[PDB]
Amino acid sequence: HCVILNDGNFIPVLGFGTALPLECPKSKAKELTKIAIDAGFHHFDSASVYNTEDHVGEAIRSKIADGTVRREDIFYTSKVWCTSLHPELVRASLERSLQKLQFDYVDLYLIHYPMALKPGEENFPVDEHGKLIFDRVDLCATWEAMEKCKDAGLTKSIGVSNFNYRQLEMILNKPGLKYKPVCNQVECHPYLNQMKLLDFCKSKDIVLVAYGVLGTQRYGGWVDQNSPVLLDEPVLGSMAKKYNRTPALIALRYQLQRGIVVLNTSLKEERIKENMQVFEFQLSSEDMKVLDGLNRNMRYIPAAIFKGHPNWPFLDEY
């Protein structure tokens, strides 16, 4: 179950996300990755800022070493963080991730956010008022650095995350552009269906990879705890009953039928296994329209601490 990227490489349409809630120890990522591999997942999504690439890498290497899977059958994604967007720092960050993973290459490397922060070891540099210290970077130069990483064989494909249409255009219209982003990883679910951005990405052969498909893990410090819980949506419950599935399976299938590559995370083995059942049924065209009607511009992860940044991506309509 894969789709072909604009650079010729293949990506599994269902991926397991390795980000964790604030209360979980980093080692949890190793445990879950092993469970996900046993459940049939081949696509794993990580990021340098998660600081658990070492744990995910150990899980994958353990399953390769014991005969469960081969490296070529695993699709691993990492992302360069805001503090390393400067052109001269991009490759250094990827090389650091490769060392943590003890991998020769990653399958996909993304710009995590189109917003640079003061360079340094600290991922969230702040001033004396507790405000993030923004930095200005030539994102087209950042992209050129990403292209060099691909040409150096450190990553098979390159893309972006949390970019809006104008930011994608900046790259697409860049003079000397060699590789278009293969994807734009953004938040997407029935309450924020990204109809406009999805249409734009499709017209440019850019795959939309979705997170928050099940409403996000509601991370403390990022998600408003008073926001509605997506899977509690009555329409998803009614549809789950109709198709004899679960609200989560309905939400996952909705996105797959829109041509979206979906990420998902669960701390429970039973659910990790259940989610693989999304390939077993089809939502009718009429029911897809019912789910299209739930849009309400509910953005669970607005990256609020970045508000004020000249490149905050969520101000524009899309």
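Residue numbers run from 1 along the displayed sequence. If you superpose the two forms and keep the largest set of C-alpha atoms that fall within 1.5 Å, you have the rigid core.
The stretch that strays farther, by root mean square C-alpha distance over structures and residues in 5 other deposited structures of this protein after a rigid core fit, is 228 to 236, when 228 to 236 is set against 128 to 136.
Compared against other deposited entries of this protein, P181 counts as consistently modelled, with coordinates in all of those that resolve the residues around it and thus below the third mark. Compared against other deposited entries of this protein, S93 counts as consistently modelled, with coordinates in all of those that resolve the residues around it and thus below the third mark.
When the mean C-alpha temperature factors of 9 to 17 and 290 to 298 are read from the deposited coordinates, 290 to 298 comes out higher. Legend: mean Cα B-factor per stretch from the PDB entry, 129 to 137 versus 152 to 160; the higher mean is in 129 to 137. Highest C-alpha temperature factor among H43, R70, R258, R271, as the PDB entry reports it: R70. For the set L108, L177, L197, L117, the maximum C-alpha B-factor listed in the entry falls on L177. When the CA B factors of the chain's modelled residues are split into thirds, the value for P228 lands in the highest one.
Among the modelled residues of its chain, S27 has a C-alpha B-factor that falls in the highest third, as given in the PDB entry. Annotation for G220: C-alpha temperature factor in the middle third relative to the rest of the modelled chain, per the entry. Per the PDB record, residue ranking by Cα B-factor puts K241 in the highest third of the chain. For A65, the recorded CA temperature factor ranks within the highest third of the chain's modelled residues.
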